[PDB]
Ligand SMILES: [Zn+2]
Ligand SMILES: [Zn+2]
């Protein structure tokens, strides 16, 4: 039968929040190159799983 699903998609919520403490960063937060919002204190990549590869060129073949 039908298992049932709530919603794998998020609502029309804003983007004012920290991706580390979830602290609403209003419209003055620190957005990372990856596309995450932080309260300035967690704007660093080391303080948040940042897949983005800042390091200069290195890899070669397709990965991840
Ligand atoms: Zn924060
Ligand atoms: Zn990041």
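Note that the numbers count up from 1, one per residue, in the order the chain is shown.
The deposited model was determined using solution NMR.
Even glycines carry a Cβ here, placed using N, Cα and C.
Copied over from Swiss-Prot, here are the features:
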- 18, 21, 39, 42: Zn(2+) 2 binding site (BINDING)
- 32, 34, 48, 50: Zn(2+) 3 binding site (BINDING)
- 12-58: zinc finger (ZN_FING)
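As recorded in the PDB entry:
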- 1-7: cloning artifact (SEQADV)
- 59-64: cloning artifact (SEQADV)
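All features noted in Swiss-Prot, drawn onto the structure.
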residue : record                : DSSP (3 states)
18      : Zn(2+) 2 binding site : coil
32      : Zn(2+) 3 binding site : coil
39      : Zn(2+) 2 binding site : coil
48      : Zn(2+) 3 binding site : coil
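A simple way to gauge crowding: the CB of residue 32 (Zn(2+) 3 binding site) has 18 other CB atoms within 10 angstroms, across all the protein chains here. Annotated pair residue 50 (Zn(2+) 3 binding site) and residue 42 (Zn(2+) 2 binding site), C-alpha to C-alpha distance, rounded: 11 Å. Sorting the binding-site residues 42, 48 by the number of other Cβ atoms within 10 Å puts 42 first.
In this structure, the binding-site residues that sit close to ligand 1, with a C-beta under 6 angstroms from any of its atoms, are 18, 21, chosen from 18, 21, 32, 34, 48. In terms of C-alpha distance, the listed binding-site residues 18, 21, 39, 42 place 42 closest to residue 48 (Zn(2+) 3 binding site). Looking at residue 18 (Zn(2+) 2 binding site) and residue 34 (Zn(2+) 3 binding site), their Cα atoms lie 14 Å from each other.
Around residue 21 (Zn(2+) 2 binding site), a 10 Å sphere centred on its CB holds 12 further CB atoms from the protein chains shown.
For residue 39 (Zn(2+) 2 binding site), the same-chain residues lying six or more positions away in sequence with a CB closer than 8 A to its CB are 18, 20, 21, 23, 25, 29, 30. Residue 34 (Zn(2+) 3 binding site) sits 13 Å from residue 42 (Zn(2+) 2 binding site), taking the Cα positions as reference.
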